[PDB]
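Below you'll find the structure, written out as structure tokens, and then a few comments.
Read-outs throughout are calculated quantities, based only on the coordinates presented, and are distinct from any laboratory measurement. Methodologically, a virtual Cβ is constructed for each residue, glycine included, from the backbone with ideal geometry; neighbour enumeration extends over all protein chains shown.
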Amino acid sequence: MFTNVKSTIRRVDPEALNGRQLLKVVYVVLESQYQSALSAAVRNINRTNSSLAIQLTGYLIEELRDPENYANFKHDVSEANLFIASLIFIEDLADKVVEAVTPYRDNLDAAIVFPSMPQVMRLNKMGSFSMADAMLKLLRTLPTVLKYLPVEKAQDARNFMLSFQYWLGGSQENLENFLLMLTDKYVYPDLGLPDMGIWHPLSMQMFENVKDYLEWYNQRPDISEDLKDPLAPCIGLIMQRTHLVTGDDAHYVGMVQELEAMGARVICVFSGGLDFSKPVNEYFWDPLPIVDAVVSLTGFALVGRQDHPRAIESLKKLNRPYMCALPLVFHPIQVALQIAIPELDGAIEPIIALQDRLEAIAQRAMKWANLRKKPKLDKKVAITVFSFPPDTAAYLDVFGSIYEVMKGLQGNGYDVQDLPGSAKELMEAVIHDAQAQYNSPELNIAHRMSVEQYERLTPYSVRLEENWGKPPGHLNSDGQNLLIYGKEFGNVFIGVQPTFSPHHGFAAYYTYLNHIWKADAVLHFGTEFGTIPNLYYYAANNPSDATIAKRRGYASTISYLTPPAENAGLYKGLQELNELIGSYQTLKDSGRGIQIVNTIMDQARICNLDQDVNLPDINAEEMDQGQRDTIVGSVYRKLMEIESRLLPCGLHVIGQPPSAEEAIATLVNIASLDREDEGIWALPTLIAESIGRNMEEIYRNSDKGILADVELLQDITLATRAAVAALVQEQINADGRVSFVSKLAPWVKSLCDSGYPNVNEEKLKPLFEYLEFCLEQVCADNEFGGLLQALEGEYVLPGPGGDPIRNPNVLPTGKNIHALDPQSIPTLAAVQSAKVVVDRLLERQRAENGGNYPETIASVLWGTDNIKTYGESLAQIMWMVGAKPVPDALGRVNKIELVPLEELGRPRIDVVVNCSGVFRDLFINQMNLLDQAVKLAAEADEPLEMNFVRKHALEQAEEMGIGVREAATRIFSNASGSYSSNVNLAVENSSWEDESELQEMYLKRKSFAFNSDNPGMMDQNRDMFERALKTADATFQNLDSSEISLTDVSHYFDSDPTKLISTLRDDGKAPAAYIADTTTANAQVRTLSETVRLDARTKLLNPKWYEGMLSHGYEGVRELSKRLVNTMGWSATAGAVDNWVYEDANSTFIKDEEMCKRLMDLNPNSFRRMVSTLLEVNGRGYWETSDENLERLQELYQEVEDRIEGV
């Protein structure tokens, strides 16, 4: 007592309760320090806390002998909210404690036992928490316990660790916090109770600089020397100050512990603000970065309106992998709005107990860090190839590109052994005799896997066995072993998975890369659905798919350019006709201009242009002046559409960018679009302005077939092509000496030479400045650069995916491409362009239906076109029901309203909206707006003949016995987690008897109804889907681009409900099928037939297109069969394919004995597919052709099966 202060007082009461909640606390403890510190904390809470009072009774441990005392202890525990004990090691009395407590443990809101004998510790109860030097062991253990628990139950264990950290401190205010925290969280929950810096769960003080943190970190006795080493892997985490201040941070703690148990040094930064660049710039450096990889757990933009330009400059300085995990990891609209934001920051995404998620994020961050740590000549780089031999519009020469990547790797000190002589030699090394000259094509076996090795290393082996049976099955099997296909080239491994629950072979391949070959990175090409980094080379023009990869395969999506587009051109009968027409303005001077129009109409009829122009059977002589001109103008504008269509006619090799010359066509169309955001006008607008001419009036007069305006347009086009060619030629022969040739000219010459010498040079000045910049970005070679950065463990510059021509900022390529803020669309320009398209679709549908508006239009929505047009197609569906999106103060589109009928000037058209799975994934927020818009239309107090949504909904509501709003259900997709109608799979696998099977699985798979009134529940609603489709007068889609057109991919046809609707309608009528194209300044709304023809004329049956593709050899043939297989698709879904398309395909590729043998010799597998397709479209009833043509194909299929399979 001389040396240690001891109270005579056991019990502390509040003087006056004053209607406060009374907390009852009972302690038994060894140390008088802790007795008098608790008593002090209670008297301080009692004297100041305006809502709570605390009653405290207790005993030092040895005072529990007197039965006087032990009675009162038992009594006090009866009535007690909270029981505390610490350092109870007297076995005698430990049991006396347990006897008194365990009876009322059910009764105690909580009981906290710090290091005592294990009988007493068992009493621990803190919400869901129990037992299910001495003081620091328990502390340092508790973080290791959190992963095994669900987040609620981690939080209770974190509360016990926070309550312990308080006790150890031992301060009067530490203990006030301990009592107030236990009261807030476990006793009376309904009751009140630095701007940035560094945090670690184990230091009770936060740090405000790096040295203070590292100082503390190295002085820790409970870690390895490995974590102290500056050579150690260091991983940055970012979090909101909120969760630290709150103590709701268990998942933050379990993360830090997981990174440490794997021997990562960890730097958690925080901020109460929304500029996480400040903490990043301060604490992830000192100058050099001190971090190998960042994992943001903010689930925000780095810099918040979000500011991406600053965040990008910040993350490029640090130059490390940026990973982000949404806190939600630890509804469906807020998830799709959230995940989108970090993607614009260049984030990779490493995404019941916490274990899975923590372990996943952890392991993936290590592998990204390990990309820095590991030396170049030890790094192992798997490259995986899909569907070789071939039985998206990637536009990728795969083996071409792999070769360039293997060379690039060897030019940069990776261990590439025995790099073959060419792209073909590389292919020869993976697919032995791919060409089937001598023997069967067969795949180089890179390793045989015994069932022993498979099942041991692949833990999920059994979960595949359900329907693929016992390993190794019949696929990628010799009979005993599974077969890993590829060829090792030292530290590079070029793999092949020809085929895809996935079978044992598919698992086995990824088991080899991960656990046996042990790759440090894998590189895929986007042409689908472990811990190693996952790199995709994805087309710059495919943000939507790229985005699905970022979210489904933990991916980083480096962009490559699609081949430099060429004008499709004319050929054979179409060139001949362009000549006849070119001679019509000369033979009008000769007063002869009658019999030529008869000849023009005849050649137009041979080209089958009679289906695209109304070509009445009337001799020219029996027609006036006006309508002879109009017949030519008509045929000539459709010839010019074919000639001027801008598409790629070949494949891309990664790292081999277009020359300045092959970039001119691309630049022509770049030059042909007004840009308000760049304050410049389209060269064609200026050329038309120079003649006092509105370029919109010309387009619409060209559409009408007014010959004068067709010639004017073609003239202005040729003018624009030359001007831009002059600029490109000037920059060539100024051999990169004058850095910007547009600011010194030969393009005012080649405008005057063209015959337009009044082109406002003020406006023209900056246009050609832009074009020259655009030219430089097209020609950039950053593609191999981006893969290097990723493999070094640097941060890849993010950029927008999209159409280069409509948005040149998609250039240059070599970037981790992103979609866009789903709340930034549609824009006022997209909305305005939407109305023009809709007005045009309705005009065309009335015209071919006695002037009656359609009552219902069935439309598809893709993510892809709405990314590239800032929500046009989406906005078209809004305009149909007479609704406008309402952007808020901050420019976010998160509301919608009806437009009054006055303003719409026609009735509200009803809608069936088939949203792709991908549209659902990116833009469920727009699905929400569309469903809100439709239901306002149905509820509207408008005459039914002015509002078809409400006409239909009222009728369907009565038949179905439901409310008008529930009956107005028109927004549909795949079930949550699903994609496509699977009509693409059936048609690729020729595995379907009749159209009713296709149509059946469509109705099963696509009838999941979005509901703005319950967004989480997307239930199947096939009754409503059928009743709505039943009412459809027309089907409608928007073309992505000329490169991703109707025949280039299988998705448009997979979503096509045209024949489905003719089946469901009691009157059996096929809907009119239309396809909008807004890729050029001249928005067309074509028939599906027109559009299929235009693809046939520009792609499959175009020499420029097929010879361009065949100039790349093996993979050339693959592109040909693709357009023919996708053409079959349209026969099955629409019947939109003219018989001549199939005839001409057979003519060009089969009846030409040269071309036929050429294709077969070049690629048997793809040629076999071309023959199957033509035999199939006949076999099914879509192609009528000679018995002779079918006999040839039937032999050719036998010839090529023999070559491929042996005999």
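Fewest neighbouring Cβ atoms within 10 Å first, the residues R1158, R463, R43, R1093 line up as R463, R1158, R43, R1093. Computed about the Cα centre, the dipole magnitude for the chain is approximately 3120 debye when only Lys and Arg (+1) and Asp and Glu (-1) carry charge, each at its Cβ.
Scan the stretch 194-267 for trypsin sites (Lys or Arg not before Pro) in coil per DSSP, keeping those whose Cβ has at most 14 other Cβ atoms within 10 Å, and list them by number. Can you show the working numbers first?
Details: sites: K211, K228, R241, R265; in loops: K228.
Loop-located and lightly packed - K228.
Between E678 and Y571, the modelled label-to-label distance comes to 3.2 nm, taking each label 7 Å out from Cα in the direction of the beta carbon. Each label was represented as a point 7 Å from its Cα along the Cα-to-Cβ direction; for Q1194 and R105 these points are 8.4 nm apart. Think of the chain as having a plus end and a minus end, set by charges on the Cβ of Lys, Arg, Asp and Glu; of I84, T298, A834, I84 sits farthest toward the positive end of this dipole.
In terms of overall dimensions, the C-alpha atoms belonging to the stretch 1099-1207 reach 35, 33, 22 Å along their principal axes, ordered largest to smallest.
Quick one: work out the % antiparallel among DSSP beta bridges in the stretch 828-1098, nearest 5. All intermediate terms of the calculation are to be shown ahead of the outcome.
Numbers: 12 of 29 bridges.
Percent antiparallel among DSSP bridges in the stretch 828-1098 is about 40.
The string of couplings for the stretch 755-766 from the Karplus curve (6.51, -1.76, 1.60, θ = phi - 60°) is x, 9, x, 10, 7, 2, 7, 3, 5, 5, 2, x Hz, one whole number per residue in order, with x for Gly and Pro.
Mean residue ellipticity at 222 nm from the helices of the chain, using -39,500 (n - 2.57) per DSSP H segment of n ≥ 4 over the full residue count, to the nearest 500 deg cm²/dmol?
On the way: 50 runs with 562 residues, N = 1207.
Estimated from H runs of four or more residues: -14000 deg cm²/dmol.
What you get for the stretch 106-155, charging only the Cβ of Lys and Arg (+1) and of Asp and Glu (-1), is a dipole of about 220 debye around the Cα centre. For the stretch 376-532, the dipole from Cβ point charges (+1 on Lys and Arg, -1 on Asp and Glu) about the Cα centre works out to 360 debye, to the nearest 20. Scan the stretch 1143-1207 for GluC sites (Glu not before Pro) in coil per DSSP, keeping those whose Cβ has at most 10 other Cβ atoms within 10 Å, and list them by number. Here the GluC sites (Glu not before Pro) that fit, given the DSSP loop and packing criteria, are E1184. Note on the chain: dipole from Cβ charges, positive end direction compared against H474, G236, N177; the farthest Cα belongs to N177. Charged neighbours of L64, selected by a Cβ distance under 11 Å, balance to -4 (K, R count +1; D, E count -1). Here the stretch 661-690 and the stretch 416-476 have alpha carbon centers that stand 51 Å from each other. The ranking of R310, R364 from fewest to most other beta carbons within 10 Å of each one's beta carbon is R310, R364.
Phi angles across the stretch 932-941 convert, under the Karplus curve 6.51 cos²θ - 1.76 cosθ + 1.60 with θ = phi - 60°, into 3J(HN,Hα) values of 5, 5, 4, 6, 4, 4, 5, 7, 4, 8 Hz, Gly and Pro given as x. Could you compute the FRET efficiency for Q437 and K407, with r as their C-beta to C-beta distance and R0 at 41 Å, rounded to 0.05? My answer for the efficiency is 0.95. Considering only the chain, what is the antiparallel percent among its DSSP beta bridges, to the nearest 5? Percentage antiparallel, nearest 5: 35.
Run through the stretch 981-1071 and list the GluC sites (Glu not before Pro) located in a DSSP loop whose Cβ has at most 10 other Cβ atoms within 10 Å.
Details: sites: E988, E993, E995, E997, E1000, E1026, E1043; in loops: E993, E1043.
Passing sites in the stretch 981-1071 are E993.
Between the residues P498, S1042, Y217, the greatest Cα displacement towards the positive end of the dipole of the chain, with unit charges on the Cβ of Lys, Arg, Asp and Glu, is found for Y217. Computing FRET efficiency as 1/(1 + (r/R0)^6) for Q21 and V899, where r is the C-beta to C-beta distance and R0 is 41 Å, gives about 0.15. Exposure proxy shown here: for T246, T1031, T3, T869, the number of other Cβ atoms within 10 Å sets the order, fewest to most, as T3, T246, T1031, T869.
Residue-wise HN-Hα couplings along the stretch 542-554, as the Karplus relation 6.51 cos²θ - 1.76 cosθ + 1.60 with θ = phi - 60° gives them from phi, are 10, x, 4, 5, 4, 5, 5, 4, 3, 9, 10, x, 6 Hz; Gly and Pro carry x. Based on Cα contacts under 8 Å between residues 6+ apart, the stretch 570-644 shows a relative contact order of 39 percent. Remark on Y1074: its backbone amide H falls under 5 Å from those of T1035, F1036, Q1037, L1088, a criterion applied only to residues 5 or more positions apart or on other chains, H modelled at 1.01 Å from N. Between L274 and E68, the FRET efficiency from the beta-carbon distance, with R0 = 56 Å, is close to 0.35. Here each label is just a point 7 Å from Cα along the line to Cβ, and for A1081 and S583 those points are 3.4 nm apart.
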